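Have a look at the structure below before the remarks.
Which chain is which? They are A, B, C, D and E, in the order written, and residues in each are numbered from 1.
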Amino acid sequence: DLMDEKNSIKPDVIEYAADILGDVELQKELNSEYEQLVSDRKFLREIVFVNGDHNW
Amino acid sequence: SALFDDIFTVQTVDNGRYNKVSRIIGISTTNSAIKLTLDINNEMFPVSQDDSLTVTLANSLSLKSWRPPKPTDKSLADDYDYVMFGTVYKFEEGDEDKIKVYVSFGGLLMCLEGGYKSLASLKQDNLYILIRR
Amino acid sequence: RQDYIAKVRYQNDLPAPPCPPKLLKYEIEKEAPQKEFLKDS
Amino acid sequence: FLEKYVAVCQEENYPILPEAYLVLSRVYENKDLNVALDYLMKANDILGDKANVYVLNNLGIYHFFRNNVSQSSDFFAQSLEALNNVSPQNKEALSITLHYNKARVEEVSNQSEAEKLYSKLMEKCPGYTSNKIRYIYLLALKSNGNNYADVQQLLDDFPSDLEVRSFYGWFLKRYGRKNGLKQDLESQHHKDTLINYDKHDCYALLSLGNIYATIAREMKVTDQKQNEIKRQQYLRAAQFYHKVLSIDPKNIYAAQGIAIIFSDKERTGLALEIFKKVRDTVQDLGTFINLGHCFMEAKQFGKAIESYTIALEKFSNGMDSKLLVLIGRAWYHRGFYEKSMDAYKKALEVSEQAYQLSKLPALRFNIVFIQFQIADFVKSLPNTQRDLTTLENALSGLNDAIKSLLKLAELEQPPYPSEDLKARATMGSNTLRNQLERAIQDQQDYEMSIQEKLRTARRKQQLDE
Amino acid sequence: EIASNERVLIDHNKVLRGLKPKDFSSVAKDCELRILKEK
């Protein structure tokens, strides 16, 4: 989350940590990534591996 | 030259399964919360409970193929009784002032727990441990 | 040079003599009891 | 041979002679006190009721060196009880010796009983020297060295005693400026002691080396000739220390003097190695202070901070102002060379505590200089590396530092000339205050821009939703 | 008689050794080579 300051990328790991908060296009990109990850989680957990096995 | 010096008292000596290797636990006299766990060779450097050891860490011995040392040349090791050479395989940046350094002296393991102030300079690839008693 | 004020003085003052308690020599630390003891039959 | 004798007697089941154990303890006195004490305990167990005054006294002294105060006191009490069975010829001498040992134990515990037994032994035997030395030493401690007449009388009583002369020289070194005596009087006394009594006494040689080092350090350097004379005095002191090392290579104080000379000669590495070896040998306040000084000269400011902190906690217990000054200086140096604000905050806090302990103009000027450096460093910092709170604290410290500079300028004898104080205060007030206010305005604008972006983003997100 | 019977555990020069002696022979040699022989 690029809005909440305590749930963002750490400032010592990126050199561009200043001009990162408040962006909306970048937040849209991050939301698209997270939605894709949630879709993957749903797919794997509900269709492919239903008993939770994840070492394949 | 040197990167860390301190004096420790041995709380426990664990021989375990081995006949020639013992694991000692020590705490710095001057600055508490600085712990030291170390595997040493019993035959060449025996230590007993409650002994006092002077532990020094250095990245070099000066003042790539190894060779037996000539008697003429001199190094930092001449002042100590027990010298080992290892590699740092984990530098743990943990809590606010809890730093763990793991070193492996050819399979003999060491863990130095302490604060960032003392152990900041221990972020190296290789380290010598010089021990005096 | 208007900077921090600090004085450096190395301390190498010799301490006062300790005057520890004196050991007492044994009876076998004197020559005549040694002569008496060694010449025992 | 004695170990073989013990083994043969044990194999033959024959009574081991305790005299062999006494001889073994006497031999191990110079090698291992633990083995000597164990053999003496075995001899005492073998004797049982046949224990003598000498065995009990040596056991008590062994436990005294082992810091076993309770066991040493019990052994001394048993020795005093067994003193009643001593033959009358040696009874007076052994009673004097046991009373001297008991007075030593009291001097460790409580000085009043020590002084009482010292007076009793002095009336009993005025000829003994150690009793008078210890009694005069306790009197000097109690009276803060106001008994120079007693020390001079003791020197006159035993001019040939090395212990008396060493104690007199120690008293001279301690209170020469208080008593207003000649600076070279102790030097001539030690020279006379070395020439006429014993030229191999390491105490007088170390005292002469310290006096010569002090003379060389206080000597003003103006040209090459004065530097050569100072180097000659240091060479004489080094010859004294080398003679001491020739007498005994295990002298920590000679190495300490050599390291001090090397520090004066800017040989930092050798002095650092010597001081580390001394710290490994013995741990007192002076060694830690010298290690901190050398680390400051070696630019290892963090190790200097640690050494000064360990020295303060171990010995000074947070009471000495000089160690606090050293801690503040080391923190200021680390903050200056590494551009760290927290080092400046810690130095300011330590200086404030030291001032609250002392309230001296020097520490007031130290606080002013620290606050001025803090304001300059914060102003030099970018907006992204600071915040409004640090700016406000720096500005308040700047105001307090200007007021304290004006206060120092009104004093009688400030550490620095009042014209310099006024000039620095004017120079800071004209420019640095305005630069701080501009930095505050820029920081406020930067925070407002951040908040505007944060509030505008959420509305667009809600509109998209 | 007291002087004959008295014995002191540690010597006047050896008092700095105590229960744990250490050698500074290398330090003395370096001091001789770098102060007395200093050029």
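General remarks:
Definition applied: a residue touches a chain if its C-beta (ideal position, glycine included) is under 8 Å from a C-beta of that chain, and two chains touch if they have at least 3 such contacts.
Of all chains in the assembly, those touching subunit A and also subunit B are D.
Chain pairs D-E and A-D differ in how many C-beta pairs they share in contact, with the greater number at D-E. Mean C-alpha position of subunit C lies 21 Å from that of subunit D.
Measuring from the averaged C-alpha position of subunit A to that of subunit C gives a distance of 75 Å.
Centre-to-centre, using mean CA coordinates, subunit B is 36 Å away from subunit C.
Taking each chain's centre as the mean of its C-alpha atoms, subunit B lies 29 Å from subunit D.
The set of subunit C residues that touch two or more partner chains comprises 20, 22-25. The full set of touching chain pairs reads A-D, B-D, C-D, C-E, D-E.
Every residue of subunit B that touches subunit D in the complex is listed here, in rising order: 1, 5, 7, 30-31, 54, 79, 117-118, 120, 132. On subunit E, the positions that touch subunit D within their shared complex are 1-2, 5-6, 9, 12-14, 16-17, 19-25, 27-28, 30-32, 34-36. For subunit E in complex with subunit C, the touching residues are 4-10, 15. On the subunit D side of its complex with subunit B, the touching residues are 269, 276-277, 280, 302, 306, 310, 314. Listing the residues of subunit C that touch subunit D in their complex gives 2-8, 10-17, 19-29, 37.
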